[PDB]
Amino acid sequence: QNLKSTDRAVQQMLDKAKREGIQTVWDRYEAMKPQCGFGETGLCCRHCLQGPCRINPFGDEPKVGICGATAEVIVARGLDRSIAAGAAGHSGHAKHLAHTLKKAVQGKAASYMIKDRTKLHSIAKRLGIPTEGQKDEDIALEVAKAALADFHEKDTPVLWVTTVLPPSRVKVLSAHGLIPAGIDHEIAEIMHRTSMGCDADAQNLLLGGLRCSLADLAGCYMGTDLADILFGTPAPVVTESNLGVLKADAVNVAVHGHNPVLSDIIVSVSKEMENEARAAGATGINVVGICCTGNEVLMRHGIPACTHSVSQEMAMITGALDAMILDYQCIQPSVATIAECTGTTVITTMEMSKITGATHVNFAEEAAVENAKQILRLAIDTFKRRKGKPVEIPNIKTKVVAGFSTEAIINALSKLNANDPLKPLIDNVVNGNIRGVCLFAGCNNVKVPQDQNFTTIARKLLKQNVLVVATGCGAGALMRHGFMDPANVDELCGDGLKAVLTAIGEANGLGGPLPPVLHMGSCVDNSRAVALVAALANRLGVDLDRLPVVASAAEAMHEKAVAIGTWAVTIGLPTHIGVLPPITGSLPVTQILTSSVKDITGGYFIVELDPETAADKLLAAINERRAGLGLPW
């Protein structure tokens, strides 16, 4: 079971599902091989009823789509559509948060409120929204209206793009017409231009896709900002991760998905429902996290991460998972089917995200508490049915220090320098103690043994004094293998990095160093690493395509991840992706994305499937940026 997952709890539960006869994602993957060469290479198109059209990667006819579409065009249209669908997911989540905020500050959802006034003021001022003499509800109402405004055309471009990148980057992007005019506008225009009989030039297509990926960036940044206003800016926390955070003698309730609007209230209501949890023989309600909603409650409240991504079903396999509460995105629909064998109540809540088989509780921000209890009651109900029956929880769990928002990191650096908090980080970059910065992002993928690319690449980079920050299921993969535990700095980190992590730690009231990897939150919280990197650029007066920053979607899978990789390339970063995107059917497009895009944005894609090789190329790019600053490496 090692070619499936490098996670030991996951291997134990895989053995269980094998003997109990429950189909897993790896099983469905095994029944899918050998996969379609056309699909994998991108040479498949079904945008009209004359198709499907396939193009042979190598050989005789068909050399071209029925309508005449070349391989360059088929590949670039497919990729543009994945960028747009990612942008739709991130943007829908942030749009929901903006409606939540407007409802709140107009007295419509008393379960919600402004929990971070500093953040709201810094945002409203980033946007040129007047603060002084204006009351908070009016300020937040303005901020929310602006968020909603960024989804359509208007007098200004998308503010959550133009006001969050260094103006030099904004100028570089505006010269090539890359600035989104509206988030949903860009999504619709992608769907227009990639449909049959429209755009038929690969450069033109890919430029459209770069623009749409900045629309996605805006969705991420909006979601981060709005969720921080609404639920508090993450600050460092200590919790634990892996399946061992589940307890047999408690009501175990998993928050799973991406949108914290629901699950943060779940977290807060669960505490008061203890009185009722006891009357069923439970120590209480044990709220754990799966995927990105889980990372959100782990960043804000120290909620332990139970599992992530490709191994989410393994949670239910323990037999101790009483309630799985979904919102949307990255939920394997198999959980519904699986719940009949493991005894779990699987509950959907968002009306555009139901799974056939599941129970649906219609959540709305206005009646939050009334539904939260309704769900948790059901959770305790299921704990009745499984009282005194054999659970198998692998006793595997790790110590996780997380909650490193960009604000937390700037506060952490301030204790070394109160009026120039970025100065110490810059100094240790300049003298080699930090070789560069690498952001691990994205999901697990069934094609890659779970966490293998993440942990391998992280191992080389840490041993090379690269500051590593991580989000979403990247942060999940690293924390489940010890990389968010300060006690592992010694083994993992090279001497200089060790020194800096130690200096900051001892200077922040601990006598111990920061974790070896900085957990920065969920998928939209990739925006946080932009905020930091932008700040870095600004404090040094250069564009991002000169900083020794890189990014790695080491085991990418979802369309969100493609949009994210593309907007890391678009804001200047060298961007590795550890699974094939479907571009290898076109050398011109591959060449545009790994090279000639260098000439437009300074970023570029690094396609490398071997994790050791990928760490080498990532260090090579970091070191090239060093050499461009005149820096030693």
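Here, rigid core means the biggest group of C-alpha atoms that superpose within 1.5 Å across both forms. All residue numbers refer to positions in the sequence shown, first residue = 1.
Looking at 203 to 211 and 386 to 394, the one farther from the shown form in 5 other deposited structures of this protein by average CA distance, after a rigid core fit, turns out to be 386 to 394. Farther from the shown form on average, by C-alpha root mean square after a core fit in 5 other deposited structures of this protein, is 273 to 281, of the stretches 451 to 459 and 273 to 281. Of the two segments examined, 448 to 456 and 84 to 92, it is 448 to 456 that shows the higher average Cα temperature factor in the deposited entry.
Of the two segments examined, 457 to 465 and 268 to 276, it is 268 to 276 that shows the higher average Cα temperature factor in the deposited entry.
Highest CA B-factor among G68, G565, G603, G59, as stated in the entry: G59. Between the residues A408, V346, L217, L97, the entry's highest C-alpha temperature factor is the one at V346. Residue-level temperature factors show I55 in the highest third of its chain, judged at the C-alpha atom. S552: CA B factor lies in the lowest third for its chain, per the PDB record. For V607, the recorded CA temperature factor ranks within the lowest third of the chain's modelled residues. Annotation for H47: C-alpha temperature factor in the lowest third relative to the rest of the modelled chain, per the entry.
When the modelled residues of the chain are ordered by their C-alpha B factor, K598 lands in the middle third.
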